[PDB]
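input_38.cif, holding mmCIF, C-alpha atoms and all ligand atoms:
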```cif
data_input
#
loop_
_atom_site.label_atom_id
_atom_site.label_comp_id
_atom_site.auth_asym_id
_atom_site.auth_seq_id
_atom_site.Cartn_x
_atom_site.Cartn_y
_atom_site.Cartn_z
CA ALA A 5 90.74 120.07 217.57
CA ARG A 6 89.28 117.38 215.34
CA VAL A 7 87.96 117.19 211.79
CA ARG A 8 84.33 116.18 211.51
CA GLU A 9 82.13 115.50 208.47
CA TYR A 10 78.52 116.63 208.29
CA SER A 11 75.73 116.43 205.74
CA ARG A 12 72.13 117.48 205.57
CA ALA A 13 69.54 117.10 202.80
CA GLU A 14 65.97 118.28 202.24
CA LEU A 15 63.37 118.35 199.47
CA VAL A 16 63.27 122.03 198.43
CA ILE A 17 63.10 124.11 195.21
CA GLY A 18 61.43 121.02 193.76
CA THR A 19 64.43 118.70 194.12
CA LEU A 20 66.75 117.03 196.63
CA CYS A 21 69.30 119.50 198.01
CA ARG A 22 72.28 118.22 200.00
CA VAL A 23 75.25 119.94 201.56
CA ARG A 24 78.30 118.03 202.97
CA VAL A 25 80.87 119.89 205.01
CA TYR A 26 84.21 119.00 206.57
CA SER A 27 85.16 121.26 209.44
CA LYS A 28 87.24 121.69 212.58
CA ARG A 29 84.92 124.38 213.91
CA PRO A 30 82.64 123.58 216.84
CA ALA A 31 79.74 121.35 215.71
CA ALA A 32 77.24 124.00 216.82
CA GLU A 33 78.78 126.49 214.34
CA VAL A 34 78.41 124.00 211.48
CA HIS A 35 74.88 123.19 212.50
CA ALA A 36 74.04 126.91 212.49
CA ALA A 37 75.49 127.28 209.00
CA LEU A 38 73.47 124.33 207.66
CA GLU A 39 70.33 125.66 209.37
CA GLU A 40 70.80 128.89 207.44
CA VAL A 41 71.53 127.07 204.15
CA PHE A 42 68.18 125.35 204.25
CA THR A 43 66.30 128.45 205.45
CA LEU A 44 67.79 130.32 202.49
CA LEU A 45 66.64 127.60 200.06
CA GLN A 46 63.11 127.85 201.51
CA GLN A 47 63.08 131.66 201.23
CA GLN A 48 64.54 131.64 197.72
CA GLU A 49 62.02 129.08 196.46
CA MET A 50 59.43 131.79 197.21
CA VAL A 51 61.36 134.40 195.27
CA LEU A 52 62.48 132.50 192.17
CA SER A 53 60.01 129.73 191.43
CA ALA A 54 58.33 129.81 188.03
CA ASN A 55 55.74 127.17 188.97
CA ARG A 56 54.20 128.61 192.13
CA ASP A 57 51.56 131.36 191.95
CA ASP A 58 52.85 133.04 195.06
CA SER A 59 56.48 133.79 194.22
CA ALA A 60 58.14 137.14 193.57
CA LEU A 61 58.81 135.90 190.04
CA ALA A 62 55.12 135.11 189.44
CA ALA A 63 54.26 138.59 190.72
CA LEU A 64 56.73 140.14 188.26
CA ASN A 65 55.33 138.05 185.39
CA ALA A 66 51.83 139.20 186.40
CA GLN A 67 52.95 142.73 185.59
CA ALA A 68 54.12 142.00 182.04
CA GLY A 69 53.23 144.96 179.82
CA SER A 70 52.79 147.35 182.74
CA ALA A 71 54.96 149.63 184.92
CA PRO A 72 58.43 148.72 186.28
CA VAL A 73 58.46 146.56 189.42
CA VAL A 74 60.81 147.06 192.38
CA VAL A 75 62.96 143.97 193.11
CA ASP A 76 65.63 143.21 195.71
CA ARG A 77 69.25 143.57 194.69
CA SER A 78 69.81 139.80 194.61
CA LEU A 79 67.09 139.07 192.04
CA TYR A 80 68.16 142.10 190.01
CA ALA A 81 71.73 140.79 189.82
CA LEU A 82 70.56 137.32 188.75
CA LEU A 83 68.44 138.81 185.96
CA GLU A 84 71.39 140.92 184.86
CA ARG A 85 73.58 137.82 184.58
CA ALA A 86 70.83 135.84 182.81
CA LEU A 87 70.42 138.61 180.19
CA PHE A 88 74.21 138.68 179.74
CA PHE A 89 74.22 134.94 178.90
CA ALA A 90 71.18 135.37 176.66
CA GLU A 91 73.08 138.01 174.65
CA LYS A 92 76.40 136.16 174.55
CA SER A 93 74.67 132.91 173.51
CA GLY A 94 72.55 134.65 170.82
CA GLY A 95 69.46 133.62 172.79
CA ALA A 96 70.25 129.90 172.94
CA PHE A 97 69.87 130.44 176.66
CA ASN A 98 66.75 132.61 177.07
CA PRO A 99 65.43 133.50 180.54
CA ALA A 100 62.13 134.87 179.09
CA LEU A 101 60.94 131.60 177.56
CA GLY A 102 58.08 131.07 180.02
CA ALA A 103 55.36 131.53 177.41
CA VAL A 104 56.70 128.45 175.59
CA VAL A 105 57.87 126.36 178.54
CA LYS A 106 54.43 126.66 180.18
CA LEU A 107 52.81 125.36 177.01
CA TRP A 108 55.06 122.31 176.90
CA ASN A 109 54.86 121.85 180.69
CA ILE A 110 51.17 120.93 180.69
CA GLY A 111 52.18 118.58 177.90
CA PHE A 112 54.33 116.85 180.53
CA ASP A 113 51.63 116.38 183.17
CA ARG A 114 49.09 115.19 180.58
CA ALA A 115 51.26 113.67 177.84
CA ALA A 116 50.33 116.00 174.94
CA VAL A 117 52.44 118.01 172.49
CA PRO A 118 51.49 121.70 172.17
CA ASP A 119 49.49 123.03 169.25
CA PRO A 120 51.17 124.44 166.11
CA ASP A 121 49.67 127.94 166.10
CA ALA A 122 49.51 128.26 169.89
CA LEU A 123 53.22 127.45 169.92
CA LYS A 124 53.98 130.08 167.28
CA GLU A 125 52.09 132.76 169.15
CA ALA A 126 53.94 131.90 172.39
CA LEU A 127 57.27 132.30 170.57
CA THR A 128 56.33 135.93 169.85
CA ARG A 129 56.31 136.58 173.58
CA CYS A 130 59.87 135.45 174.41
CA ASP A 131 62.07 138.38 173.39
CA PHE A 132 64.50 138.75 176.29
CA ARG A 133 65.63 142.11 174.87
CA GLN A 134 62.27 143.40 176.08
CA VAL A 135 63.34 142.83 179.67
CA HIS A 136 64.44 146.24 180.92
CA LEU A 137 66.58 146.45 184.03
CA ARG A 138 67.06 149.89 185.54
CA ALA A 139 68.89 150.91 188.70
CA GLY A 140 69.57 154.50 189.70
CA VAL A 141 73.03 155.60 190.84
CA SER A 142 72.07 157.62 193.92
CA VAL A 143 72.19 156.36 197.50
CA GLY A 144 69.53 153.75 198.21
CA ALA A 145 68.11 154.01 194.68
CA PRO A 146 65.71 151.15 193.89
CA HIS A 147 66.33 148.35 191.40
CA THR A 148 63.49 147.77 188.93
CA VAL A 149 62.50 145.33 186.18
CA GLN A 150 60.07 146.03 183.37
CA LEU A 151 58.69 143.32 181.09
CA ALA A 152 57.84 145.53 178.12
CA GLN A 153 56.17 142.85 175.95
CA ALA A 154 52.62 141.87 177.02
CA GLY A 155 52.28 138.16 177.96
CA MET A 156 56.04 137.58 178.27
CA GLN A 157 57.09 135.39 181.23
CA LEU A 158 60.41 134.87 182.99
CA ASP A 159 61.47 131.32 183.75
CA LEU A 160 64.78 131.07 185.52
CA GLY A 161 64.84 127.26 185.54
CA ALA A 162 68.13 127.13 183.67
CA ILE A 163 70.05 129.44 186.00
CA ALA A 164 68.37 129.43 189.41
CA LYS A 165 70.10 126.36 190.85
CA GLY A 166 73.45 127.81 189.80
CA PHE A 167 72.59 131.09 191.48
CA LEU A 168 71.49 129.33 194.70
CA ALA A 169 74.62 127.17 194.77
CA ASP A 170 76.71 130.37 194.58
CA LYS A 171 74.59 131.98 197.33
CA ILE A 172 75.11 128.88 199.53
CA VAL A 173 78.86 128.91 198.97
CA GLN A 174 78.92 132.59 199.97
CA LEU A 175 76.94 131.68 203.09
CA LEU A 176 79.27 128.80 204.06
CA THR A 177 82.25 131.07 203.58
CA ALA A 178 80.56 133.78 205.76
CA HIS A 179 80.40 131.09 208.50
CA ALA A 180 84.15 130.48 208.14
CA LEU A 181 83.70 127.16 206.38
CA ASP A 182 86.00 126.29 203.51
CA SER A 183 85.36 122.63 202.66
CA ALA A 184 81.96 121.56 201.28
CA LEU A 185 80.16 119.85 198.46
CA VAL A 186 76.89 121.56 197.59
CA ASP A 187 74.49 119.48 195.50
CA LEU A 188 71.22 121.05 194.36
CA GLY A 189 69.43 118.47 192.27
CA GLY A 190 72.78 117.53 190.74
CA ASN A 191 73.98 121.12 190.40
CA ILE A 192 77.30 120.79 192.22
CA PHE A 193 79.64 123.23 193.85
CA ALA A 194 82.93 121.78 195.17
CA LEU A 195 84.23 124.22 197.76
CA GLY A 196 87.82 123.78 198.71
CA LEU A 197 89.32 120.34 199.26
CA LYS A 198 87.90 117.35 201.08
CA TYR A 199 89.71 115.25 203.73
CA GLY A 200 90.88 111.64 203.37
CA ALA A 207 95.04 114.72 207.66
CA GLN A 208 95.28 114.30 203.87
CA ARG A 209 93.50 116.97 201.73
CA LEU A 210 92.14 115.81 198.37
CA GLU A 211 90.20 117.25 195.45
CA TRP A 212 86.48 116.48 195.36
CA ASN A 213 85.65 113.68 192.92
CA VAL A 214 82.51 114.86 191.11
CA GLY A 215 80.43 112.28 189.27
CA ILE A 216 78.87 112.71 185.81
CA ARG A 217 75.99 110.42 184.97
CA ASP A 218 75.47 108.21 181.93
CA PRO A 219 72.89 110.31 180.03
CA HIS A 220 70.79 107.13 179.53
CA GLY A 221 71.49 105.63 182.94
CA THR A 222 69.23 105.02 185.91
CA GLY A 223 71.25 107.78 187.57
CA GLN A 224 72.52 105.50 190.33
CA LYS A 225 76.18 105.33 189.27
CA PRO A 226 78.38 107.99 187.62
CA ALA A 227 79.85 107.12 184.17
CA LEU A 228 82.81 109.37 184.90
CA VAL A 229 84.35 111.32 187.77
CA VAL A 230 86.34 114.57 187.59
CA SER A 231 88.60 115.77 190.43
CA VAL A 232 88.13 119.47 191.17
CA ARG A 233 88.66 122.23 193.78
CA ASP A 234 86.74 125.53 194.16
CA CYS A 235 84.71 124.80 191.07
CA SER A 236 81.08 124.28 190.04
CA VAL A 237 80.12 121.34 187.83
CA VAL A 238 76.73 121.67 186.20
CA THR A 239 75.30 119.30 183.61
CA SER A 240 72.40 119.80 181.21
CA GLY A 241 71.01 116.74 179.53
CA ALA A 242 68.39 115.48 177.10
CA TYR A 243 67.08 112.86 179.54
CA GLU A 244 66.83 114.62 182.92
CA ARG A 245 63.17 115.51 182.21
CA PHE A 246 60.89 114.47 179.33
CA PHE A 247 57.68 112.79 178.32
CA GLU A 248 56.99 110.45 175.46
CA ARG A 249 54.10 110.42 173.01
CA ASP A 250 53.66 108.03 170.09
CA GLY A 251 57.28 106.89 170.18
CA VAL A 252 58.79 110.40 170.25
CA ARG A 253 60.59 111.80 173.30
CA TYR A 254 60.10 115.46 174.21
CA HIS A 255 62.62 116.81 176.70
CA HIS A 256 62.65 119.95 178.84
CA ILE A 257 65.34 122.05 177.11
CA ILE A 258 63.74 124.18 174.45
CA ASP A 259 65.42 125.51 171.28
CA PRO A 260 64.15 129.08 171.13
CA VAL A 261 64.27 129.13 167.31
CA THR A 262 61.88 126.19 166.88
CA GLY A 263 59.88 126.25 170.07
CA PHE A 264 60.55 122.52 170.29
CA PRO A 265 62.89 120.48 172.50
CA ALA A 266 66.37 121.11 171.11
CA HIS A 267 67.64 118.68 168.47
CA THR A 268 71.30 118.56 169.30
CA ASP A 269 74.42 116.47 168.68
CA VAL A 270 75.39 115.90 172.33
CA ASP A 271 73.70 113.87 175.02
CA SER A 272 74.94 116.07 177.87
CA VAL A 273 77.16 119.04 178.49
CA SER A 274 78.91 119.64 181.80
CA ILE A 275 80.35 123.06 182.51
CA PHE A 276 83.11 123.70 185.04
CA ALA A 277 83.28 127.28 186.33
CA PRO A 278 84.25 129.38 189.38
CA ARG A 279 80.62 130.52 189.56
CA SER A 280 77.78 128.02 189.42
CA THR A 281 75.41 130.71 188.00
CA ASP A 282 77.64 130.87 184.94
CA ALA A 283 78.05 127.10 184.68
CA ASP A 284 74.29 126.55 184.80
CA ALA A 285 73.45 129.18 182.14
CA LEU A 286 76.27 127.97 179.87
CA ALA A 287 75.31 124.27 180.24
CA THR A 288 71.85 125.07 178.84
CA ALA A 289 73.16 127.34 176.05
CA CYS A 290 75.70 124.74 175.01
CA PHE A 291 73.15 121.94 174.97
CA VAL A 292 71.04 124.04 172.63
CA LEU A 293 73.92 125.19 170.42
CA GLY A 294 75.45 121.75 170.00
CA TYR A 295 79.12 120.87 170.04
CA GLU A 296 80.79 123.03 167.37
CA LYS A 297 78.92 126.23 168.25
CA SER A 298 79.48 125.55 171.96
CA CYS A 299 83.24 125.37 171.43
CA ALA A 300 82.99 128.76 169.70
CA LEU A 301 80.93 130.36 172.51
CA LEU A 302 83.17 128.87 175.19
CA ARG A 303 86.25 130.57 173.65
CA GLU A 304 84.75 133.78 175.02
CA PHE A 305 84.97 132.39 178.57
CA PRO A 306 88.64 131.29 179.12
CA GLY A 307 88.07 130.57 182.81
CA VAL A 308 85.53 127.86 182.00
CA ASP A 309 85.99 124.21 181.03
CA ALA A 310 83.54 121.84 179.48
CA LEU A 311 82.92 118.12 179.06
CA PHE A 312 80.64 116.79 176.32
CA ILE A 313 79.16 113.28 176.25
CA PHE A 314 78.08 112.22 172.76
CA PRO A 315 75.39 109.71 171.76
CA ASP A 316 78.13 107.27 170.68
CA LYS A 317 79.60 107.39 174.19
CA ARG A 318 82.65 109.31 173.14
CA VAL A 319 83.62 111.98 175.70
CA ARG A 320 85.47 115.24 174.91
CA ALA A 321 86.83 117.53 177.60
CA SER A 322 88.64 120.84 177.33
CA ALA A 323 92.29 121.24 178.27
CA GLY A 324 91.80 122.54 181.79
CA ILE A 325 90.01 119.42 183.00
CA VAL A 326 90.71 116.53 180.60
CA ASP A 327 93.61 115.27 182.76
CA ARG A 328 91.32 115.23 185.83
CA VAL A 329 88.70 112.97 184.21
CA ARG A 330 88.46 109.29 185.11
CA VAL A 331 86.17 106.91 183.21
CA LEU A 332 84.26 104.54 185.52
CA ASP A 333 81.93 102.91 182.99
CA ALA A 334 84.23 101.42 180.32
CA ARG A 335 81.50 101.69 177.69
CA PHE A 336 82.49 105.40 177.53
CA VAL A 337 85.70 106.57 175.91
CA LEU A 338 87.61 109.73 176.77
CA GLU A 339 89.21 111.22 173.65
CA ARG A 340 92.57 112.82 174.29
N1 LIG B 1 66.67 127.46 176.00
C1 LIG B 1 66.39 127.74 177.29
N2 LIG B 1 66.98 128.76 177.91
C2 LIG B 1 66.72 129.06 179.22
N3 LIG B 1 65.85 128.35 179.94
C3 LIG B 1 65.22 127.27 179.41
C4 LIG B 1 65.44 126.90 178.02
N4 LIG B 1 64.71 125.78 177.76
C5 LIG B 1 64.05 125.49 178.91
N5 LIG B 1 64.34 126.39 179.87
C6 LIG B 1 63.95 126.38 181.29
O1 LIG B 1 65.12 126.00 182.02
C7 LIG B 1 65.05 124.59 182.39
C8 LIG B 1 66.29 123.84 181.94
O2 LIG B 1 67.45 124.23 182.65
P1 LIG B 1 68.71 123.28 182.73
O3 LIG B 1 68.20 121.98 183.30
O4 LIG B 1 69.59 124.15 183.61
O5 LIG B 1 69.23 123.14 181.32
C9 LIG B 1 63.74 124.08 181.78
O6 LIG B 1 63.14 123.11 182.61
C10 LIG B 1 62.89 125.34 181.60
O7 LIG B 1 62.30 125.72 182.84
MG MG B 2 71.24 125.55 183.08
MN MN B 3 70.53 123.52 185.49
#
```
Please render this file's structure as structure tokens.
Ligand SMILES: Nc1ncnc2c1ncn2[C@@H]1O[C@H](COP(=O)(O)O)[C@@H](O)[C@H]1O
Ligand SMILES: [Mg+2]
Ligand SMILES: [Mn+2]
Amino acid sequence: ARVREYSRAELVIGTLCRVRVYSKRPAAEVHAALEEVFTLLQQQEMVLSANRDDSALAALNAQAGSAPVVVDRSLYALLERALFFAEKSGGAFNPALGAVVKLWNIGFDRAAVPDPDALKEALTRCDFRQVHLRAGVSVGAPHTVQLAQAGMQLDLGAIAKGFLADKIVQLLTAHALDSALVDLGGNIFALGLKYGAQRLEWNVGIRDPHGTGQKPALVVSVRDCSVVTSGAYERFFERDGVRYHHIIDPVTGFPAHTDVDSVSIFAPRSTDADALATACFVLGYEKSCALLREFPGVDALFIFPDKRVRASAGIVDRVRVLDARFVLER
């Protein structure tokens, strides 16, 4: 029985999604698993997307200020985890920021900054504490979500890829697979060990924040771990010499002014790594270190504008610098 390596990639959830698997199972079993991975990603785009009119999320947003809406258990659990990270991060990560994001968004398409007052009004509609999750305790009791504040809008952009990466890992595992690299628009989950039959940790790349993306600046060897990076240059537009990126500081309503160029979070669950990466980017380095003390099972790697790199204890020894312009502090 021989080891074989498979990959498959498709444009879905608005980005390139790729899954690579090593397996000794019959090829047909791997093919079935990958078929289901990409079916899932198609189905979940229609549940979670904040920028399609026809998604379950859009439907829920349409009911802001009205009666509770029934949701499936999966979406409920994701919202629960998002609100947990909102609270722990003091709202640096905020899953109800749609009123503001949507105002900037159109800025992106047609390169214009929002309007002062319009922006201030939108900020009044982003209180994630007004998202009420209820689930009864009896058999088959429904799960519901109520957006209490009129005009408030969920946007799960900062946690949905993490959630989907976790869902994919669970799916692979259900198909008796135990070696894969899941890559959803750069949101990585390294499942198990790869093959060289020599077994090796996955070598996960981290990009130069100002690079053309082609080559990684650094690589970190990991097993059974998500690696998710948030950065100031993954998405932005420029107007009159100022750059405006996609990660909003909920206090200002503007793209976060922060002291790091990127933050990469290493965690057993990609949902958690994704939420934390965004929170940390917003909070900046010192406040991130403080927040991260709450989550002992997580590691983090910060790339600074001066190309210094700092990594926490659990991963620093597994980091290798590939672009010598960067320096790993020890
Ligand atoms: N502070 C924030 N908290 C949560 N979601 C955000 C925030 N700022 C922007 N977003 C949304 O989440 C995306 C960024 O997620 P990420 O790339 O995971 O940091 C943005 O493109 C927005 O859709
Ligand atoms: Mg995120
Ligand atoms: Mn992300």
Per residue of range 211-242 of chain A within 6 Å of range 264-287 of chain A, which atom pair is closest and at what distance in Å (one decimal), using only C-alpha atoms, listed by chain and increasing number, as CSV?
```
residue,atom,partner,partner_atom,distance
A:235,CA,A:278,CA,4.9
A:236,CA,A:280,CA,5.0
A:237,CA,A:276,CA,4.7
A:238,CA,A:274,CA,5.3
A:239,CA,A:274,CA,4.1
A:240,CA,A:287,CA,5.4
A:241,CA,A:272,CA,4.3
A:242,CA,A:271,CA,5.9
```
Name the residues in contact with residue 245 in chain A at a cut-off of 9 Å, using all atoms listed in the file, excluding same-chain residues fewer than 6 positions from it; report them as a JSON list (two decimals) with C-alpha atoms, in the frame of the given file.
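Full text of part_9.json as output:
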```json
[["chain", "number", "residue", "atom", "x", "y", "z"],
["A", 254, "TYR", "CA", 60.10, 115.46, 174.21],
["A", 255, "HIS", "CA", 62.62, 116.81, 176.70],
["A", 256, "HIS", "CA", 62.65, 119.95, 178.84],
["A", 257, "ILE", "CA", 65.34, 122.05, 177.11]]
```
Problem set entry | Shortest interatomic distance to ligand MN 3 (chain B) - which of A:102, A:166, A:146, A:155, counting only C-alpha atoms and all ligand atoms | A:166
For this session: Provide the CA of residue 171 in chain A to CA of residue 21 in chain A distance in Å, to one decimal place.
Result: 13.6 Å
Problem set entry | Radius query 12 Å about (52.1, 149.4, 180.8), atoms used: only C-alpha atoms, as an MDAnalysis selection string | chainID A and resid 66:73 150:155
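Between ligand MN 3 (chain B) and the residues A:184, A:160, A:326, A:214, the shortest atom-to-atom distance, using all atoms listed in the file, involves A:160.
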